[PDB]
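Let us start with two forms of the same protein chain, each given on its own as structure tokens and named structure 1 and structure 2.
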Structure 1
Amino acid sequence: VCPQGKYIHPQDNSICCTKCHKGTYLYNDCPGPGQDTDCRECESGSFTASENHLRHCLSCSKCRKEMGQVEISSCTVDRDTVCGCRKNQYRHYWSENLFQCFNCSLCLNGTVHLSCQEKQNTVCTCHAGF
């Protein structure tokens, strides 16, 4: 057991150590109890998005062009790439971590009941029809 924000030093179970912040990776453990861990900033194309004692950053995801996704936010050291859909589109999620961009329904032969949301199409009602 180490306190919050700390991890147990791998070579010496007495020394007990500061985790690294989002944006950085463990290059080398704390020399000793007082001192800081040698953490270093993620290279371009990689990131760490939480407190860690990882020895390499994680690879940034790329957006799914096959799903018509578009980059909202580029990758950065403390946050993985953020993907979305163009305006006048909505995410259809197939899985927790897999969605597809579809053009919002304009309500042909009908009235837009609920507006087109981000993760849901226009709840959309027909006129005296079907």
Structure 2
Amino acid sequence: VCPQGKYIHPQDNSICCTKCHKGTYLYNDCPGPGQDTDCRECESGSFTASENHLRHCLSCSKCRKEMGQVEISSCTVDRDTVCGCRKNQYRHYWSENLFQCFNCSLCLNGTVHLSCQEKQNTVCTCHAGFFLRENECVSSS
């Protein structure tokens, strides 16, 4: 039990150390009780996005060109690269972190029941004469 915002010194249960702010990393723990923590700024191409006592900054991610991604924000010292998709595309998340940019459906011979969203394709419905098969309107006849 150290207070909020502080951590127990790895080599001494007696000492509580103040955490580093996002944008920085732990260069060195407090040398002793009451002493300052030595936090230094993340070098280019790395970052930390939360308060921490981590010995090095995290490597920035890179937009996936193979997924059709585009960069919204480059890596800063306290924020990872942010990636997304273009006009009239949505993100399909294959996993927590991996996503692929696809084109929004136009719901031809149908109607846009729910518009394309950031992370979700257009939901189509069909009207009389057609029916829906894999989000496209096919002729009943």
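Counting starts at 1 with the first residue of structure 1 and goes up one by one along its sequence. Rigid core here is just the name for the largest C-alpha set that superposes within 1.5 Å across the two forms.
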Could you check which of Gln35, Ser50, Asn88, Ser44 shows a C-alpha shift of 2 Å or more between the two structures after a rigid core superposition?
-> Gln35
Do you see a C-alpha shift of 2 Å or more at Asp12 between the two structures, with the core held fixed?
-> yes
Just grab the Cα shift of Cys107 between the two structures for me, core aligned, in angstrom.
-> 2.0
Between the two structures, how far the Cα of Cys124 shifts once the core is aligned, in Å = 1.2
